[PDB]
Amino acid sequence: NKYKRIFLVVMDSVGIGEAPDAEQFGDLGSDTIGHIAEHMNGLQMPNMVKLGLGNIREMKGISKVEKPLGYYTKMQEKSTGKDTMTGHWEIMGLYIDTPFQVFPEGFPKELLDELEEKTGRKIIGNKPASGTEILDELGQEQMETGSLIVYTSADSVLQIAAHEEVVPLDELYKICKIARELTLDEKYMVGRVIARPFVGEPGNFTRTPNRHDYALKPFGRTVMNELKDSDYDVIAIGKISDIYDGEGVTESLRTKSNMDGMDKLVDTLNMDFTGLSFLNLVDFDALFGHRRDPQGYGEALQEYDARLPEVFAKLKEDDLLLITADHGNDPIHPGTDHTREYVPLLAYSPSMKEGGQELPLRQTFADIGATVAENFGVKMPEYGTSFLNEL
Ligand SMILES: [Mn+2]
Ligand SMILES: [Mn+2]
Ligand SMILES: [Mn+2]
């Protein structure tokens, strides 16, 4: 193996400017890092700069350097959708024709009608909402009527809330499995069905730890599957395991924040493994992009950058570090949805003694999977062109 360990970091939703097909998605003008850099009056990201972020594209506070630490370029998304599953599935060697849907106006009547017909229960709510808002609004009616609170977020999810003392857990889970079958339909294609059980009384409702998720498996066997099948380590950090429904994962580390995510990356740097360490830093997307909060997003980016020098210090000669994103989510953009953007790509190993150079633009996110697969000598994915030999 050219590299004994590869650390792949997805900075979730950290896009680097509208893609060539951005207009199809109503994403003209979108620019995640660039708009944040403008809002911050110059983003402070000196370590990403040293890696060559500005060499990809110069933005306010983010300048090109003469001798970047590693190689740099950006990636274009080939799959139809701009959702998380699509992006991560593509990263790991797939092509996804059928996009996952989001529901800012609630779910179609046809879907809810069939869910009622199959469960024998009424559905109330049907809108984007946080767990707190929806329970305070409809938790009491739920208790009194035995109906299901169906809701969504800004992402591709269908959430079903029911009081544990009115609707038994096992019944909620069966109901969610029914919902999961019905949403395997391109008209209503949801990334994840989530059981949201809760307890308490009006004005004092709390969601319980008895949450269960029903995800779809990736539409094909991934590079992670092949690594795992060839006895390599695949260490998933944060929401990575969930995103792939555990496929190809040998170990999973749960995280609570971006800083916690970097702590777990550091933990894996301290592990004697051979294979892939795969982190998702989700806060950018969940807390800032979807909430159209450029200030929070800017701060989170700076907090993330400040953690990087410790990572640089722990990388060995036969380690490779990959930093990318899975789509854009421009916090100065209409609506609550993601943005169709190029993603940055930085590829760094301390073995790169004279620094890096520009890579050709990656025409699919699967170039990452392909590079990973070639490095470890496993079956190459159907999609993607490895840049391993360029490094
Ligand atoms: Mn848009
Ligand atoms: Mn994402
Ligand atoms: Mn999202």
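When a ligand or atom number is given, it counts from 1 through the structure's own listing order. FYI, side chains are in, hydrogens and waters are out, and symmetry mates aren't considered; it's all heavy atoms of this structure. Residues take their numbers from the sequence shown, with the count starting at 1.
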### Query
Please state the angle at the Mn ion (ligand 3) spanned by NE2 of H290 and OD2 of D155: what is it, rounded to 10 degrees?
90°
### Query
Would you say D285 has an N, O or S atom lying under 2.8 Å from the Mn ion (ligand 2)?
no
### Task
Tell me whether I237 is reachable from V282 by hopping between hydrophobic residues (I, L, V, M, F, W, Y) whose side-chain heavy atoms are closer than 4.5 Å.
no
### Message
If the cut-off is 2.8 Å, does any N/O/S atom of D83 fall short of it from the Mn ion (ligand 2)?
### Response
no
### Task
Starting from the C-alpha separation in whole Å, work towards a yes-or-no answer on side-chain contact (heavy atoms from CB on, under 4.5 Å) for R292 and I332.
CA-CA 6 Å; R292 303 297 196 249; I332 306 171; over 6 Å; no
### NE2 (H333) to the Mn ion (ligand 1) to O (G26) angle, given to the nearest 10 degrees
100°
### Query
What atom name does the N, O or S atom of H327 nearest to the Mn ion (ligand 2) carry?
NE2
### Message
With a 4.5 Å cut-off on side-chain heavy atoms, are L276 and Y232 touching?
### Response
no
### Task
Looking at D326, pick out the N, O or S atom nearest to the Mn ion (ligand 2) and give its name.
OD2
### Query
Under 6.0 Å from the six-membered ring centre of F387 and within 45° of its axis: does the NZ or CZ of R362 meet both?
no
### Query
Just checking, any donor-acceptor pair under 3.5 angstrom between side chains of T32 and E341?
yes
#### Entry: Shortest-distance N/O/S atom, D12 versus the Mn ion (ligand 2)
OD1
### Message
Taking backbone and side chain together, does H338 place any N/O/S atom at a distance below 2.8 Å from the Mn ion (ligand 2)?
### Response
no
### Query
Transitively linked via ILVMFWY side-chain contacts under 4.5 Å: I123 with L135?
yes
### Query
Without hydrogens or angle criteria, can the side chains of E141 and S147 be said to hold a donor-acceptor pair below 3.5 Å?
no
### Task
Assess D330: does it contribute an N, O or S atom lying under 2.8 Å from the Mn ion (ligand 1)?
no
#### Entry: the Mn ion (ligand 1) - name of the N/O/S atom of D27 that sits closest to it
OD1
